[PDB]
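Everything below concerns the one structure shown next.
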Amino acid sequence: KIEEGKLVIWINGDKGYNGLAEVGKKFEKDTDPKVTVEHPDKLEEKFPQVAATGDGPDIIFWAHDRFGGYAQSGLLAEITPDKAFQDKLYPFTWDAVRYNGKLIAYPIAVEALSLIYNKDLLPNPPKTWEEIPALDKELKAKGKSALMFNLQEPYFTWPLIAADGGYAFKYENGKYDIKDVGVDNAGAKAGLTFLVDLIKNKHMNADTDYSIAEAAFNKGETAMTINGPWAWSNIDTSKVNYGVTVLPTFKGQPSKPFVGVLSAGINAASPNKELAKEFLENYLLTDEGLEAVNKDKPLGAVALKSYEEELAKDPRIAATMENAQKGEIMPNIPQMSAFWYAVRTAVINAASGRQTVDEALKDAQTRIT
């Protein structure tokens, strides 16, 4: 069972866990309870397993898309901010954490992928996906590459798959139809085919993952990467002269990243629900609390209006929101888990040559519906 009188918090390893720990120290200093912050691997899978036995963290941080499934499984406590508190955060962030007519988490920040590029290697970054092969040939001649990004997580390839028409669940008239999925449509196939062609033509390697792409960009070996706000700290440290901008278009249409709202849920089994609420409302979701996390690894466009006013002046955040507006907020429905697993396999299989694009997406579509 969860220990009474302290808070255990889980957040992903790419986020500001050390900054969050600093907020936890302040909470302890002012109100008493120790706060322990951990970042277990595969925590979005780990959480439902341990929470099911009445264990795990008091507070779980993840993008909002995983939360409907958690709520459906009975793993989340009710969250009931009063009106005054609700007014401090943007409406669309609350909507991302609204499930079956109730709020199931506190929204923290809006995340969207952007194109990150090295201004020294590439002062004028490409506006289109289609110009990347020629750009890579030019760079390969100089012992550099045009682009490296994580190919193991479909989050990163989805913007291209969606560009020409792929979609997860059709949303019509305020409702998601779980039987209308757009994973093996022509648009999805076209986008995935373009990616696989980049691999076939040696412009990218199928085994490139988060670590490899981060290192390559930060070491100045590749002119571009695709990543989120959390990644900007390590780039700063590397001293690479970078920019953050609009993702390239595909077939003249914008890349459409799936927008995540980093959110904090309270474990239904926590005996510390009131401590968790106080921590989230009165320590974390304050200008000082978000600054502490943000200075560690950037959060993106925060949900808290007062601090977002400060962050909005950052051109990287502006680029983040431009890409967010061209994309779509993720559904939070329980079927998102199945969606992501199926698309993950489809992209890896197509990228590695285990299956054709058409067969990979056909199988994913089938698995999802």
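Chain labels run A, B, ... following the order of the structure tokens; each chain numbers its residues from 1, and ligands are numbered from 1 in the order shown.
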Can you check which parts of segment 37-112 of chain A lie within 12 Å of segment 278-289 of chain A? Per residue, the shortest pair of atoms and distance in Å to one decimal, counting only C-alpha atoms, sorted by chain and number, as a Markdown table.
```
| residue | atom | partner | partner_atom | distance |
| --- | --- | --- | --- | --- |
| A:58 | CA | A:279 | CA | 11.1 |
| A:59 | CA | A:280 | CA | 9.2 |
| A:60 | CA | A:280 | CA | 11.4 |
| A:61 | CA | A:280 | CA | 11.1 |
| A:79 | CA | A:280 | CA | 10.8 |
| A:80 | CA | A:281 | CA | 10.8 |
| A:81 | CA | A:281 | CA | 8.2 |
| A:82 | CA | A:281 | CA | 10.4 |
| A:84 | CA | A:281 | CA | 11.1 |
| A:85 | CA | A:281 | CA | 7.7 |
| A:86 | CA | A:281 | CA | 10.0 |
| A:88 | CA | A:285 | CA | 9.0 |
| A:89 | CA | A:285 | CA | 9.0 |
| A:105 | CA | A:280 | CA | 10.1 |
| A:106 | CA | A:280 | CA | 7.6 |
| A:107 | CA | A:285 | CA | 9.1 |
| A:108 | CA | A:285 | CA | 7.2 |
| A:109 | CA | A:285 | CA | 10.0 |
```
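DSSP secondary structure from the backbone places residues 145, 146, 147, 167, 168, 169, 170, 171, 176, 177, 178, 179, 180, 181 and 182 of chain A of segment 124-189 of chain A in strand (DSSP E).
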Keeping only N, CA, C and O atoms, write the selected residues to a file as a PDB file, in the first residue's frame.
```pdb
ATOM      1  N   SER A 145      24.469  14.670 -41.828  1.00  0.00           N
ATOM      2  CA  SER A 145      23.189  14.203 -42.358  1.00  0.00           C
ATOM      3  C   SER A 145      22.162  15.326 -42.195  1.00  0.00           C
ATOM      4  O   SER A 145      22.369  16.260 -41.427  1.00  0.00           O
ATOM      5  N   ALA A 146      21.058  15.245 -42.925  1.00  0.00           N
ATOM      6  CA  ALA A 146      20.037  16.284 -42.848  1.00  0.00           C
ATOM      7  C   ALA A 146      19.175  16.161 -41.591  1.00  0.00           C
ATOM      8  O   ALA A 146      18.907  17.152 -40.918  1.00  0.00           O
ATOM      9  N   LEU A 147      18.758  14.946 -41.276  1.00  0.00           N
ATOM     10  CA  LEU A 147      17.761  14.743 -40.226  1.00  0.00           C
ATOM     11  C   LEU A 147      17.851  13.428 -39.475  1.00  0.00           C
ATOM     12  O   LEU A 147      17.958  12.348 -40.064  1.00  0.00           O
ATOM     13  N   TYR A 167      -5.427   9.603 -39.484  1.00  0.00           N
ATOM     14  CA  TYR A 167      -5.991  10.032 -38.203  1.00  0.00           C
ATOM     15  C   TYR A 167      -6.219   8.827 -37.277  1.00  0.00           C
ATOM     16  O   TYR A 167      -6.200   7.682 -37.719  1.00  0.00           O
ATOM     17  N   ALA A 168      -6.387   9.099 -35.986  1.00  0.00           N
ATOM     18  CA  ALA A 168      -6.569   8.044 -34.998  1.00  0.00           C
ATOM     19  C   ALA A 168      -8.051   7.706 -34.970  1.00  0.00           C
ATOM     20  O   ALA A 168      -8.468   6.772 -35.629  1.00  0.00           O
ATOM     21  N   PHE A 169      -8.829   8.488 -34.240  1.00  0.00           N
ATOM     22  CA  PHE A 169     -10.267   8.293 -34.140  1.00  0.00           C
ATOM     23  C   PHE A 169     -11.016   9.496 -34.674  1.00  0.00           C
ATOM     24  O   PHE A 169     -10.752  10.627 -34.276  1.00  0.00           O
ATOM     25  N   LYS A 170     -11.960   9.236 -35.580  1.00  0.00           N
ATOM     26  CA  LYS A 170     -12.763  10.304 -36.153  1.00  0.00           C
ATOM     27  C   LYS A 170     -13.564  10.962 -35.040  1.00  0.00           C
ATOM     28  O   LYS A 170     -14.226  10.286 -34.233  1.00  0.00           O
ATOM     29  N   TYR A 171     -13.464  12.280 -34.965  1.00  0.00           N
ATOM     30  CA  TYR A 171     -14.251  13.053 -34.016  1.00  0.00           C
ATOM     31  C   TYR A 171     -15.301  13.859 -34.791  1.00  0.00           C
ATOM     32  O   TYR A 171     -14.969  14.759 -35.563  1.00  0.00           O
ATOM     33  N   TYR A 176     -16.110  10.913 -30.244  1.00  0.00           N
ATOM     34  CA  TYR A 176     -15.102  10.077 -30.907  1.00  0.00           C
ATOM     35  C   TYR A 176     -15.709   8.718 -31.258  1.00  0.00           C
ATOM     36  O   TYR A 176     -16.147   7.992 -30.362  1.00  0.00           O
ATOM     37  N   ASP A 177     -15.704   8.367 -32.546  1.00  0.00           N
ATOM     38  CA  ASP A 177     -16.167   7.053 -33.011  1.00  0.00           C
ATOM     39  C   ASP A 177     -15.005   6.063 -33.008  1.00  0.00           C
ATOM     40  O   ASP A 177     -14.145   6.121 -33.886  1.00  0.00           O
ATOM     41  N   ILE A 178     -15.003   5.135 -32.052  1.00  0.00           N
ATOM     42  CA  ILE A 178     -13.897   4.187 -31.896  1.00  0.00           C
ATOM     43  C   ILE A 178     -13.776   3.154 -33.010  1.00  0.00           C
ATOM     44  O   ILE A 178     -12.800   2.399 -33.059  1.00  0.00           O
ATOM     45  N   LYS A 179     -14.756   3.129 -33.904  1.00  0.00           N
ATOM     46  CA  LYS A 179     -14.742   2.192 -35.019  1.00  0.00           C
ATOM     47  C   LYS A 179     -14.296   2.865 -36.318  1.00  0.00           C
ATOM     48  O   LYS A 179     -14.050   2.188 -37.317  1.00  0.00           O
ATOM     49  N   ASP A 180     -14.200   4.189 -36.296  1.00  0.00           N
ATOM     50  CA  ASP A 180     -13.705   4.954 -37.433  1.00  0.00           C
ATOM     51  C   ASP A 180     -12.276   5.398 -37.183  1.00  0.00           C
ATOM     52  O   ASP A 180     -12.042   6.421 -36.547  1.00  0.00           O
ATOM     53  N   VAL A 181     -11.343   4.635 -37.717  1.00  0.00           N
ATOM     54  CA  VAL A 181      -9.918   4.855 -37.475  1.00  0.00           C
ATOM     55  C   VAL A 181      -9.253   5.113 -38.813  1.00  0.00           C
ATOM     56  O   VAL A 181      -9.662   4.541 -39.831  1.00  0.00           O
ATOM     57  N   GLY A 182      -8.253   5.994 -38.837  1.00  0.00           N
ATOM     58  CA  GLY A 182      -7.655   6.394 -40.098  1.00  0.00           C
ATOM     59  C   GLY A 182      -6.208   6.012 -40.240  1.00  0.00           C
ATOM     60  O   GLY A 182      -5.400   6.798 -40.712  1.00  0.00           O
TER      61      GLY A 182
END
```
List every residue of segment 256-309 of chain A that has an atom at most 12 Å from any atom of segment 227-242 of chain A, and for each one report the closest atom pair and its distance in Å to one decimal, counting only C-alpha atoms, with rows sorted by chain and then by increasing residue number, as a tab-separated table.
```
residue	atom	partner	partner_atom	distance
A:257	CA	A:228	CA	10.5
A:258	CA	A:228	CA	11.4
A:259	CA	A:228	CA	10.3
A:260	CA	A:228	CA	10.3
A:262	CA	A:230	CA	11.2
A:293	CA	A:230	CA	10.2
A:294	CA	A:230	CA	8.5
A:295	CA	A:233	CA	8.2
A:296	CA	A:233	CA	7.1
A:297	CA	A:230	CA	4.9
A:298	CA	A:230	CA	4.8
A:299	CA	A:230	CA	6.0
A:300	CA	A:229	CA	5.2
A:301	CA	A:229	CA	8.8
A:302	CA	A:229	CA	11.0
```
Can you write out as a Markdown table which residues of segment 177-269 of chain A fall within 7 Å of segment 149-155 of chain A, alongside each residue's closest atom pair and its distance in Å to one decimal, counting only C-alpha atoms and ordering rows by chain and ascending residue number?
```
| residue | atom | partner | partner_atom | distance |
| --- | --- | --- | --- | --- |
| A:206 | CA | A:151 | CA | 6.5 |
| A:207 | CA | A:151 | CA | 6.9 |
| A:208 | CA | A:151 | CA | 5.7 |
| A:209 | CA | A:150 | CA | 4.2 |
| A:210 | CA | A:150 | CA | 4.6 |
| A:213 | CA | A:149 | CA | 4.9 |
| A:225 | CA | A:149 | CA | 5.1 |
| A:226 | CA | A:149 | CA | 5.4 |
```
For segment 43-47 of chain A, work out the shell of residues within 8 Å, counting only C-alpha atoms and skipping chain neighbours fewer than 3 positions away, then give it as a VMD selection string. chain A and resid 10 to 12 39 to 40 50 to 51 56 to 57 60 62 66
Put those residues in a file: N, CA, C and O atoms, as a CSV table (one decimal), in the first residue's frame.
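What landed in out.csv:
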```csv
chain,number,residue,atom,x,y,z
A,10,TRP,N,5.7,10.1,-9.8
A,10,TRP,CA,6.4,9.6,-10.9
A,10,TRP,C,6.2,10.5,-12.1
A,10,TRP,O,5.1,11.0,-12.4
A,11,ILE,N,7.3,10.8,-12.8
A,11,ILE,CA,7.3,11.6,-14.0
A,11,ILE,C,8.3,11.0,-15.0
A,11,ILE,O,9.2,10.3,-14.5
A,12,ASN,N,8.1,11.2,-16.3
A,12,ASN,CA,9.0,10.5,-17.2
A,12,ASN,C,10.4,11.1,-17.2
A,12,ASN,O,10.6,12.2,-16.9
A,39,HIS,N,11.5,8.5,-11.7
A,39,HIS,CA,11.2,8.4,-13.1
A,39,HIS,C,11.5,6.9,-13.6
A,39,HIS,O,12.4,6.7,-14.4
A,40,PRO,N,10.7,6.0,-13.2
A,40,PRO,CA,10.9,4.6,-13.6
A,40,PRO,C,10.7,4.5,-15.1
A,40,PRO,O,10.0,5.2,-15.7
A,50,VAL,N,0.9,-1.4,-11.0
A,50,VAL,CA,1.1,-1.2,-9.5
A,50,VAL,C,-0.2,-0.5,-9.0
A,50,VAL,O,-0.6,-0.8,-7.8
A,51,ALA,N,-0.8,0.4,-9.7
A,51,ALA,CA,-2.0,1.1,-9.2
A,51,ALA,C,-3.1,0.1,-9.0
A,51,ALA,O,-4.0,0.2,-8.1
A,56,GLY,N,1.9,2.1,-6.0
A,56,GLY,CA,2.4,3.1,-7.0
A,56,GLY,C,2.5,4.4,-6.4
A,56,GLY,O,2.5,4.6,-5.1
A,57,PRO,N,2.7,5.4,-7.2
A,57,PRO,CA,2.9,6.8,-6.7
A,57,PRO,C,1.6,7.4,-6.3
A,57,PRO,O,0.5,7.0,-6.7
A,60,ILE,N,0.9,10.7,-10.6
A,60,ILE,CA,1.4,10.2,-11.8
A,60,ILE,C,1.3,11.3,-12.9
A,60,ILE,O,0.3,11.8,-13.1
A,62,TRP,N,1.9,12.3,-16.8
A,62,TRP,CA,2.1,11.8,-18.2
A,62,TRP,C,1.3,12.7,-19.1
A,62,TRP,O,0.4,13.4,-18.6
A,66,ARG,N,-3.1,9.1,-21.9
A,66,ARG,CA,-3.1,7.8,-21.1
A,66,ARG,C,-4.2,7.8,-20.0
A,66,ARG,O,-4.5,6.7,-19.5
```
Assign secondary structure with DSSP using the backbone only, and return the residues of segment 39-156 of chain A in alpha helix (DSSP H) as an MDAnalysis selection string. chainID A and resid 43:51 67:72 83:86 91:96 132:140 154:156
For a test of reading the model, state the distance in Å between atom CA of residue 199 of chain A and atom CA of residue 319 of chain A, rounded to one decimal.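 Taking atom CA of residue 199 of chain A as the start and atom CA of residue 319 of chain A as the end point, the length is 27.2 Å.
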Point-to-point distance in Å for atom CA of residue 53 of chain A and atom CA of residue 76 of chain A: 12.9 Å
A:268, A:188, A:361, A:292 ranked by distance to residue 17 of chain A, top pick (using only C-alpha atoms):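 Selected residue with least distance to residue 17 of chain A: A:292.
Of note, atom CA of residue 131 of chain A and atom CA of residue 317 of chain A are spaced 25.5 Å apart.
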Have a look at A:122, A:132, A:192, A:116 and name the one nearest to residue 217 of chain A; count only C-alpha atoms.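 Answer, going by the shortest atom-to-atom distance: A:116.
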Could you pull the residues within 6 Å of segment 330-343 of chain A, counting only C-alpha atoms, minus those fewer than 6 positions along the same chain, as a VMD selection string? chain A and resid 64 to 65 68 to 69 258 to 259 364 368
Selection to disk with N, CA, C and O atoms, as a PDB file, in the first residue's frame:
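Here's the written file selection20.pdb:
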```pdb
ATOM      1  N   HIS A  64      -1.847  13.530 -21.301  1.00  0.00           N
ATOM      2  CA  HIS A  64      -3.238  13.247 -20.990  1.00  0.00           C
ATOM      3  C   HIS A  64      -3.867  12.064 -21.725  1.00  0.00           C
ATOM      4  O   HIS A  64      -4.906  11.545 -21.300  1.00  0.00           O
ATOM      5  N   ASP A  65      -3.289  11.677 -22.861  1.00  0.00           N
ATOM      6  CA  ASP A  65      -3.866  10.605 -23.657  1.00  0.00           C
ATOM      7  C   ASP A  65      -3.952   9.291 -22.906  1.00  0.00           C
ATOM      8  O   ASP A  65      -4.816   8.493 -23.237  1.00  0.00           O
ATOM      9  N   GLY A  68      -7.615   8.488 -19.733  1.00  0.00           N
ATOM     10  CA  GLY A  68      -8.961   7.919 -19.810  1.00  0.00           C
ATOM     11  C   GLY A  68      -8.929   6.439 -19.463  1.00  0.00           C
ATOM     12  O   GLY A  68      -9.850   5.903 -18.806  1.00  0.00           O
ATOM     13  N   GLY A  69      -7.865   5.773 -19.888  1.00  0.00           N
ATOM     14  CA  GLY A  69      -7.693   4.350 -19.630  1.00  0.00           C
ATOM     15  C   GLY A  69      -7.488   4.107 -18.148  1.00  0.00           C
ATOM     16  O   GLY A  69      -7.985   3.147 -17.588  1.00  0.00           O
ATOM     17  N   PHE A 258       0.576  15.165 -32.780  1.00  0.00           N
ATOM     18  CA  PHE A 258      -0.428  14.897 -31.743  1.00  0.00           C
ATOM     19  C   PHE A 258       0.018  15.703 -30.516  1.00  0.00           C
ATOM     20  O   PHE A 258       1.132  15.517 -30.007  1.00  0.00           O
ATOM     21  N   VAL A 259      -0.833  16.620 -30.072  1.00  0.00           N
ATOM     22  CA  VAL A 259      -0.532  17.517 -28.976  1.00  0.00           C
ATOM     23  C   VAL A 259      -0.863  16.861 -27.647  1.00  0.00           C
ATOM     24  O   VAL A 259      -1.958  16.345 -27.455  1.00  0.00           O
ATOM     25  N   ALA A 364      -2.360  -2.878 -38.308  1.00  0.00           N
ATOM     26  CA  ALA A 364      -2.600  -1.966 -37.200  1.00  0.00           C
ATOM     27  C   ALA A 364      -4.073  -1.521 -37.161  1.00  0.00           C
ATOM     28  O   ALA A 364      -4.741  -1.535 -36.111  1.00  0.00           O
ATOM     29  N   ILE A 368      -6.635  -2.183 -34.060  1.00  0.00           N
ATOM     30  CA  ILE A 368      -7.262  -1.078 -33.331  1.00  0.00           C
ATOM     31  C   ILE A 368      -8.791  -1.162 -33.268  1.00  0.00           C
ATOM     32  O   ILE A 368      -9.399  -0.841 -32.234  1.00  0.00           O
TER      33      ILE A 368
END
```
Here is a test: counting only C-alpha atoms, which residue of A:156, A:37, A:137, A:22 is nearest to residue 344 of chain A?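 Of A:156, A:37, A:137, A:22, the one nearest residue 344 of chain A is A:156, counting only C-alpha atoms.
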Spatial neighbours of residue 124 of chain A, 12 Å, only C-alpha atoms, chain gap at least 2 places, as an mmCIF file with N, CA and C atoms, in the first residue's frame:
```cif
data_model
loop_
_atom_site.group_PDB
_atom_site.id
_atom_site.type_symbol
_atom_site.label_atom_id
_atom_site.label_comp_id
_atom_site.auth_asym_id
_atom_site.auth_seq_id
_atom_site.Cartn_x
_atom_site.Cartn_y
_atom_site.Cartn_z
ATOM 1 N N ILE A 116 13.650 21.188 -35.046
ATOM 2 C CA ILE A 116 14.806 21.802 -34.435
ATOM 3 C C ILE A 116 15.955 21.675 -35.422
ATOM 4 N N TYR A 117 16.629 22.786 -35.694
ATOM 5 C CA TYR A 117 17.639 22.778 -36.738
ATOM 6 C C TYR A 117 18.883 23.554 -36.319
ATOM 7 N N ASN A 118 19.982 23.188 -36.945
ATOM 8 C CA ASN A 118 21.252 23.815 -36.643
ATOM 9 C C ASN A 118 21.428 24.980 -37.609
ATOM 10 N N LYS A 119 21.396 26.191 -37.070
ATOM 11 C CA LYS A 119 21.495 27.395 -37.887
ATOM 12 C C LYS A 119 22.840 27.540 -38.603
ATOM 13 N N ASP A 120 23.886 26.883 -38.113
ATOM 14 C CA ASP A 120 25.201 27.011 -38.749
ATOM 15 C C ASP A 120 25.240 26.149 -39.989
ATOM 16 N N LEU A 121 24.709 24.935 -39.875
ATOM 17 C CA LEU A 121 24.666 24.003 -40.992
ATOM 18 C C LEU A 121 23.552 24.347 -41.967
ATOM 19 N N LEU A 122 22.475 24.917 -41.444
ATOM 20 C CA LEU A 122 21.252 25.076 -42.205
ATOM 21 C C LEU A 122 20.478 26.327 -41.813
ATOM 22 N N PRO A 126 14.384 23.546 -44.400
ATOM 23 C CA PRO A 126 13.438 23.195 -45.461
ATOM 24 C C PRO A 126 12.007 23.342 -45.017
ATOM 25 N N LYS A 127 11.182 23.878 -45.893
ATOM 26 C CA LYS A 127 9.772 23.990 -45.603
ATOM 27 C C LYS A 127 9.014 22.704 -45.897
ATOM 28 N N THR A 128 9.595 21.811 -46.698
ATOM 29 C CA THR A 128 8.917 20.572 -47.091
ATOM 30 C C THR A 128 9.694 19.307 -46.754
ATOM 31 N N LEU A 135 18.628 17.523 -49.662
ATOM 32 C CA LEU A 135 19.374 18.187 -48.606
ATOM 33 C C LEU A 135 20.344 17.215 -47.947
ATOM 34 N N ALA A 223 21.806 18.052 -39.227
ATOM 35 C CA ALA A 223 21.333 19.420 -39.313
ATOM 36 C C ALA A 223 19.974 19.661 -38.651
ATOM 37 N N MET A 224 19.201 18.605 -38.462
ATOM 38 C CA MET A 224 17.819 18.725 -37.955
ATOM 39 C C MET A 224 17.424 17.535 -37.105
ATOM 40 N N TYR A 242 21.039 26.569 -32.401
ATOM 41 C CA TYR A 242 19.792 26.006 -32.929
ATOM 42 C C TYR A 242 18.610 26.947 -33.002
ATOM 43 N N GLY A 243 17.658 26.528 -33.839
ATOM 44 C CA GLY A 243 16.371 27.166 -33.974
ATOM 45 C C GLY A 243 15.282 26.121 -33.792
ATOM 46 N N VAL A 244 14.084 26.597 -33.485
ATOM 47 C CA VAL A 244 12.909 25.751 -33.312
ATOM 48 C C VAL A 244 11.844 26.383 -34.218
ATOM 49 N N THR A 245 11.294 25.586 -35.103
ATOM 50 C CA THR A 245 10.410 26.128 -36.131
ATOM 51 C C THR A 245 9.340 25.144 -36.567
#
```
Give me, as a ChimeraX atom specification, all polymer residues having an atom no more than 10 Å from residue 134 of chain A, counting only C-alpha atoms and skipping those fewer than 4 positions away in the same chain. /A:130,138-140,146,203
Could the residues in this selection be written to a file with N, CA and C atoms, as a tab-separated table (two decimals), in the first residue's frame?
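The file below, part36.tsv, is the result:
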```
chain	number	residue	atom	x	y	z
A	130	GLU	N	9.68	16.91	-48.72
A	130	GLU	CA	10.14	16.46	-50.03
A	130	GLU	C	11.53	16.95	-50.39
A	138	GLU	N	23.45	16.53	-50.05
A	138	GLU	CA	24.36	17.67	-49.94
A	138	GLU	C	25.15	17.57	-48.65
A	139	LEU	N	24.46	17.24	-47.57
A	139	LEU	CA	25.12	17.16	-46.28
A	139	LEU	C	25.99	15.93	-46.16
A	140	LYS	N	25.55	14.81	-46.73
A	140	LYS	CA	26.33	13.59	-46.66
A	140	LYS	C	27.70	13.77	-47.28
A	146	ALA	N	21.06	15.24	-42.92
A	146	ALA	CA	20.04	16.28	-42.85
A	146	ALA	C	19.18	16.16	-41.59
A	203	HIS	N	18.68	7.90	-46.12
A	203	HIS	CA	18.68	9.23	-45.56
A	203	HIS	C	18.46	9.14	-44.05
```
What's around segment 352-354 of chain A at 12 Å? Count only C-alpha atoms, leave out sequence neighbours fewer than 4 positions away in its own chain, and write the answer as a count of residues only. 21
